[PDB]
C-alpha cells in the first residue's frame, strides 16, 4: 500500500481481505490480489478490522472514530 | 471516541461492537451505531477485547488490570 | 497484573482467559477471576496468545522466542 | 526467532503456527516445534497473519506490502 501495513488483516466470508494502512485507507482486496475498493479515513488505521455477521467492516482510526463500512466500501456510520 | 481508537474491535453474538479507546473507556456500540454503554478503566485500553462463551468481555488496560465486563456494562471482576 | 496488559486476551474452550503482560508472564485466568497459572518468559509479552486445536497456547516474547505452553502451564517447546 | 516476536500467531487448520518476526521473516512452525518454512519480506512483520479459507496466509509488512503466501511458503501475490 501507500505506507506501512501495521494493521492485521481480516478475511470476509467470500475471501475478501480487509486491512488498514498508515496511508489512512482501509483496503478491501480480492483473493486474486486485485483491489476491490479503498476507503479513506482521517488518520492512520492502527486498528485491525473486524467483520460483522452481515459483512459490515469495523475499524478504528487515529482520527478518533470507529468506522462501520458496508461491504461495497461505502460508509455505514462513524462513532465518536 | 474521545481519543484515538487503537484497539481492534470485537463483535458479540448479537452484533454488538466492543472496542477500547485512548480516552480510557471500553465502548459497546450497537450495530446501528448508537452507544450501548461505556465502561471507564484506569488508563488507555491498548488491548483488543475478547468475548467469552457467556458473553463476558475481557480487555487489558494500561492500569495493569485485566478487566472482565458483563454484557450489560457492569464490572464482573478485575485481575492484577 | 504486575505491569501493563497490552496483549489481547485469548479464550480457551473451557473459558480460560490467557493474556500476556509487560511483567514478562503469560497468565491463565479462570472465568471466575482466579489465577490458574502464570508462565515466566524472558521479556515483555507483546504478542497476543493463540490457542491450538489441542489447547496449546502460543505466544511470542520480546526475548525472540515463540513459546508453546501446555494447558497446565508447562513449557511444551520454544522456537528461536 | 532472529528477533523479537511482536506479531500474534495464527493457527492453520492442520495446526501449523504462523507468526511474523522483527527479523523480517514470516515463520510457519509445525506443532512439534520444528520449522516448516520461513518467508523473507522487506521489513519487520508487525502485522499478525490471517489465514484464508483455502489456507493462504496474509500478512502486512513494513515494506508497505500486503503479502499473500501459499501454504507451502511460496509467494502467491503482494499488494501495494
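At-a-glance table
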item: Proxy reagent accessibility, fewest Cβ within 10 Å first, across B:14, A:23; result: B:14, A:23
item: At 7 Å out from Cα toward Cβ: residue D:70 inter-copy label distances (nm, ascending); result: 3.8, 3.8, 5.4
item: Using distinct alpha-carbon pairs, which all enter the 1/r mean, Kirkwood radius of chain A in Å; result: 12.1 Å
item: Residue B:34/residue D:75 FRET efficiency (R0 25 Å; Cβ-Cβ; nearest 0.05); result: 0.05
item: Unit Cα scatterers, Debye sum, the protein assembly as shown: log10 I(q)/I(0) for q = 0.08, 0.13, 0.15 Å⁻¹; result: -0.32, -0.89, -1.22
item: Mean-position separation - Cα centroids, the range A:7-80 and the range C:1-77, in angstrom; result: 29 Å
item: Shortest-first distances to equivalent copies, position residue C:14, nm, label 7 Å out along Cβ; result: 3.0, 3.0, 4.2
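Quick note: the coordinates plus some simple rules give every number you see, no bench work behind them. With ideal geometry, Cβ positions are generated from the backbone for all residues, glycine too; neighbour counts draw on all protein chains shown.
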